[PDB]
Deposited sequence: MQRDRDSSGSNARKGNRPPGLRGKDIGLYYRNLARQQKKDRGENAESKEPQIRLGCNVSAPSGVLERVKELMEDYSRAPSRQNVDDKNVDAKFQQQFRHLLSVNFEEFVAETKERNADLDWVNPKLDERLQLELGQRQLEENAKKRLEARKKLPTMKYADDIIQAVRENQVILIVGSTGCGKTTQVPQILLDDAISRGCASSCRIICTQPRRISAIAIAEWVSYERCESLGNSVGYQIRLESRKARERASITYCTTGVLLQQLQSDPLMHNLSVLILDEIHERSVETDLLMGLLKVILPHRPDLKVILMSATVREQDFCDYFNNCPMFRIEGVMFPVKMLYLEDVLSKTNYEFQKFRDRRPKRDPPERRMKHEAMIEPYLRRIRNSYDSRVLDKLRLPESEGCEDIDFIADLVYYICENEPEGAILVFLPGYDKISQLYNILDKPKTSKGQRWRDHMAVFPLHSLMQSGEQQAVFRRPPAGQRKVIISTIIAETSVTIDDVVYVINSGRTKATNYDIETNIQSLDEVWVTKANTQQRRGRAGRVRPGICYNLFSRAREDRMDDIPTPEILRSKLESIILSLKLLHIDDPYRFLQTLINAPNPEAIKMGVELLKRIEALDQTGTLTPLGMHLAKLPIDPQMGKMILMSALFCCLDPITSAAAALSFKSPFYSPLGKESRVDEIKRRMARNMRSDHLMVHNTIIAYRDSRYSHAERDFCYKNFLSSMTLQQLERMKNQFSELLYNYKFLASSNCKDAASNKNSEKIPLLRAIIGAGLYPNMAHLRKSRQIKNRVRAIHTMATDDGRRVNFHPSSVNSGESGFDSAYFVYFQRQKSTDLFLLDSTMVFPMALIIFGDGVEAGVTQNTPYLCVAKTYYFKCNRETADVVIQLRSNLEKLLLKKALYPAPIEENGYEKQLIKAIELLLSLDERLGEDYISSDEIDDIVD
């Protein structure tokens, strides 16, 4: 055993702590307590009964409202506002199956509608059902919820259906995404919402008694949420016979979902796109005649293939397929040539290039921007080149989607962001690398990695679709048909990659107490060892006890829309009066960071983050300081110049502020804060005490610790608590820095790409880990007295301080158990404040002088 720095406290400080704890130890209405015990006493039968009396609103119908929307509908279908709209609707393929669909929903509880894009299933199926209920005289019985995976889609689709119905948004159709809603009228209505909104509303209505029809869309994408939702539909619908659900899918393994719902009726609706011709690597080379020069395991794939096409291609075209670099995007000069080829031949239209990630977008941007070849210098002035990437600004401006200036052709260099998330309408040509990046969590080594991999057949068909929204397009795939043959059908469904602590906790609020049982029933059941790992984390942070039952703390965490570790950090900041900086750290880690990474400016972005960090050695507090500067930028009417000079996204910052207010308002509702305003003076009496903020951050990120050992920009010898050598990710503020006041760090995410990096980190102090961690014991090892945390990191510590810290931890354990069970703000002049002050005192010993 190695022994770290001494953490013993002075006599005078220890005496004040003993007095504070002894004043805390002379202390003698809980709606929450009653609800927590009620959840733990009832079995599932009682819980289904009890939720059916409490959610009874749609037992009530209004016949005069029914009668008036019926008559109003019949005559507004004689106006010429509509009836232009209505015959333009009838040109969508879905509307010819209108009556077959109405009849199928009436006769069956679950149906499935399969259709390619342009078929109108999302637009039309909700209104076919809605207008049928209104026509039949049953308007007020009808409440239609239709889920979508992405926030942008729920809005645009709702604004479209509202237009198709000659209404301002909010009367018959509405949308609800998180922290923004234009709600439809209460009854006879269609609401589009993200799947996550629906999932949060089960906590209050777990058997879906507040809607009459549920439509799940784009389920073939196998997001965690809709895969989760279908699992719970098999629990709910045996108890909701009147509820109608309509599954909706693209033609991507349609049959899986039909199989799941044992064999339900399945419609196939034709689509509307223009033909997109597909070329593979052998076809591109025979048209570009490009030549390369500056493992294998390749040959066994390509040489059989080269014999079955031998008479369909020139022999020299086939010999380039023998090169492993011809495949994918290993040679960017070859992608630049195919861009140059489309510019000379092959008439008007924008080019959409899919490359895996930032590094290879940067490469092809620079070859087209500052060409080395004369062929490319030819074309530099006649291309308007746009990189597209979720950390780049181009998506949140308006030029990437408008048509290019006269005499210039648009070239978009994009990651998979342009497959579904972002949409460009005048694209005619797609260059499909066939390579993207994916995250791989390995249960065996607990190493999450970011690897470049081949795309799936579902992927390439989506990319080919992006070429046929305007004209017949062309799609070039930079890989052979032999490579396509060995591609997977779909990407790994993401629930097999995710960690489950958040889901397991959410299930216990739906009275699904065994997660091994229920998770085994999804389409793709996760590794039961991942569940074991999720449960052990939830046991560690004490959201479940050691028999696995929900604790009072765990019930509050389950009700916060944020991963449960960061949920805990937010509660802590409510009881330790540092709420505004800590909810900033939490929001940013759950959402993304507000900094762009524009091309060519990486070293300048490094300076900005270094300056916003104010030398506090933490990526988390850096964000909070960025947010403090953004508010001052707005108070100053200098917001756009501030965002310009610092490479920050206004819209991300404005979203992080809506999230911090959501957290404080939730905490105010749960009786943990006196005020809902997260910048309130009383909730932030300690918000400037930097050592205390590292303590609360660590209380959330624990047990993700790392210890630093050497120096030299600088070279770091560092390792996580488990012994693996790590480094800070170069995008982190602590990469390469020299002279840390402490050698210990906490982190949210470890990731291997070129090395094992920490993507974010805060420098932390040993006494903070001791107070808020576990695995704390006192003893002697060489002949010196120690005190340790996680039984991993051992610190020299006198026996007077170790006696006080152990007794201080035991009172902190008791205080948290009380505030979870009987929520109230900590009163500024009471017994519980005395314990808090004891902790403020100890941690303050580590401020930089």
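What the model leaves out of the deposited chain are the segments 1 to 51, 80 to 89, 356 to 368, 787 to 792, 930 to 944.
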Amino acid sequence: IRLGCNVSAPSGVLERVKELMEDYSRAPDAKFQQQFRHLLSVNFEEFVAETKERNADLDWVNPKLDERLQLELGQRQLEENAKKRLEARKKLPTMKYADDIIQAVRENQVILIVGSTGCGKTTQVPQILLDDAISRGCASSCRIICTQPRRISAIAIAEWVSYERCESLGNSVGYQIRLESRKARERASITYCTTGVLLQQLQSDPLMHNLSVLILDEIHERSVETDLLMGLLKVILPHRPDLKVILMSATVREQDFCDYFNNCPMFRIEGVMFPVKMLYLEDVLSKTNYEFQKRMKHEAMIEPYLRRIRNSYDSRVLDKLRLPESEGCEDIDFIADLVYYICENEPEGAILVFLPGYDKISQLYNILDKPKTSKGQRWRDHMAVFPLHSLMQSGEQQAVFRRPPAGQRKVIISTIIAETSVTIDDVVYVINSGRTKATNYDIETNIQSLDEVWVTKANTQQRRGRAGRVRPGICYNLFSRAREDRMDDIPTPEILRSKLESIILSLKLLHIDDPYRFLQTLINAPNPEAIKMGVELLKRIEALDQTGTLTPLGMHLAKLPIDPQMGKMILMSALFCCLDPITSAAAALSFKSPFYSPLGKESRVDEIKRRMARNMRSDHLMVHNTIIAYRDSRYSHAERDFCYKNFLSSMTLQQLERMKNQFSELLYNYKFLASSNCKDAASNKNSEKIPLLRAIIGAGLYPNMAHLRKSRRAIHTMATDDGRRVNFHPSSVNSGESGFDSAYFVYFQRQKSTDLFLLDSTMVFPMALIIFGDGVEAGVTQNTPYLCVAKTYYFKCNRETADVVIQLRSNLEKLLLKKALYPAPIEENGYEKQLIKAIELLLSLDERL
From here on, numbers count along this sequence of modelled residues.
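Whichever C-alpha set is largest while still superposing within 1.5 Å between the two forms counts as the rigid core.
Displacement analysis by core superposition in 8 other deposited structures of this protein ranks 295 to 303 above the other of 442 to 450 and 295 to 303 in root-mean-square C-alpha distance from the shown form. Across the two stretches, 547 to 555 and 393 to 401, the PDB entry reports the greater mean Cα temperature factor for 393 to 401. For the segment pair 70 to 78 and 428 to 436, the entry gives 70 to 78 the higher mean B-factor, averaged over Cα atoms.
The residue among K277, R658, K532, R307 whose C-alpha carries the highest B-factor in the deposited model is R307. In this structure the maximum Cα B-factor among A586, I219, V252, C264 is found at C264. When the modelled residues of the chain are ordered by their C-alpha B factor, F36 lands in the middle third. Looking at the C-alpha B-factors along this chain, the one for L808 belongs to the lowest third.
In the deposited entry, the Cα temperature factor of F44 places it in the highest third of its chain's modelled residues. Ranked by C-alpha B-factor against the other modelled residues of its chain, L849 falls in the highest third. Looking at the C-alpha B-factors along this chain, the one for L65 belongs to the highest third.
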